[PDB]
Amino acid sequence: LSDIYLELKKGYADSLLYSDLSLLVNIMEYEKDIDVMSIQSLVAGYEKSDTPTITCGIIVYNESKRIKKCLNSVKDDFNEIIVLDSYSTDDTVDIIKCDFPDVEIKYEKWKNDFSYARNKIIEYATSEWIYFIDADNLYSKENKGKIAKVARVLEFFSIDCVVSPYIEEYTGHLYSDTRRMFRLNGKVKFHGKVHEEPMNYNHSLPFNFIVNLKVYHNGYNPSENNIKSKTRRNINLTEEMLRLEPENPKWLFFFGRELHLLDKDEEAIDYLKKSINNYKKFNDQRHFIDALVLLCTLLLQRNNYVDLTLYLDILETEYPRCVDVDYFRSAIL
């Protein structure tokens, strides 16, 4: 696909196929074989491709303070919006009924499984594609019209993937493994009680297309200082995930992270050490760098320089471009 793009850029770069493909960020990374044939019939053929429909799904519990700004941010850009309420005790449903009558409201007991609630929306959705957003997110106005173009180009090339907008924390931390959107063609389901993500039902990990969409995330802003509250909820769920895979370094990391967020640094260090130990021979090393960086932060703060040296050396070996290595090195000499 990077080849096809290089020629679409060269050979006349004002085709609607050119623009729309440029919404995709990590094109260089997509390695499945697309039979390059002739950019001419490809350009022309795109013009007649169908513009897929997209459902926007929101799972909600007690979001009175936020749901209106959230829905105002998505009200223009989706064929269908489904809100799945877990029997809120605040006035969440009534705000939606009043100000967003075209939103479909469905109800479902919370079962302490974020993947169950999301998959419930997938069952209810009638569009060709789904995109999930949370009540403490804002969909950027600059996204106007783009999410359907993304889905159009992906259907065109029959790319099986999930789709990640950039999500910006209040901190300015920018995430690109967010996996919020995918085609509703019976291939992808959410898996996990917490920290859930959409998996092929053989439980393999879909390719992740990063796209030039932006979503703001207010949910850990000190405006609402919900930090410790959301954290205690998630750690009870992370603990269940860990029981089922007590050697999984990803779950060990998330548990350590949440112990740390709950001012339990002692207790975090042991889980992070075991996570880092188990990551060496693990296939999905996505959070290996975050485990190392967090552990080095904790050891540094506790003046445990001897152990900090051990993990900083591992950090720099595995991730020589890590932007945090120089900081730790400067703090101990």
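From 1 onward, residues are counted along the sequence shown.
Here 177-185 and 213-221 are compared by their mean Cα B-factor, and 213-221 comes out higher. Higher mean CA B-factor, judged across 315-323 and 21-29 from the recorded values: 21-29.
Within the selection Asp160, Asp263, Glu128, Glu196, the deposited Cα B-factor values reach their highest point at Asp263. Within the group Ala117, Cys98, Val74, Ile167, the record's highest C-alpha temperature factor is found at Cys98. Looking at the C-alpha B-factors along this chain, the one for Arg233 belongs to the highest third. When the modelled residues of the chain are ordered by their C-alpha B factor, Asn248 lands in the middle third. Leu292: CA B factor lies in the lowest third for its chain, per the PDB record. The deposited CA B-factor of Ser38 belongs to the highest third of values across its chain.
Among all modelled residues in its chain, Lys109 ranks in the highest third by Cα B-factor.
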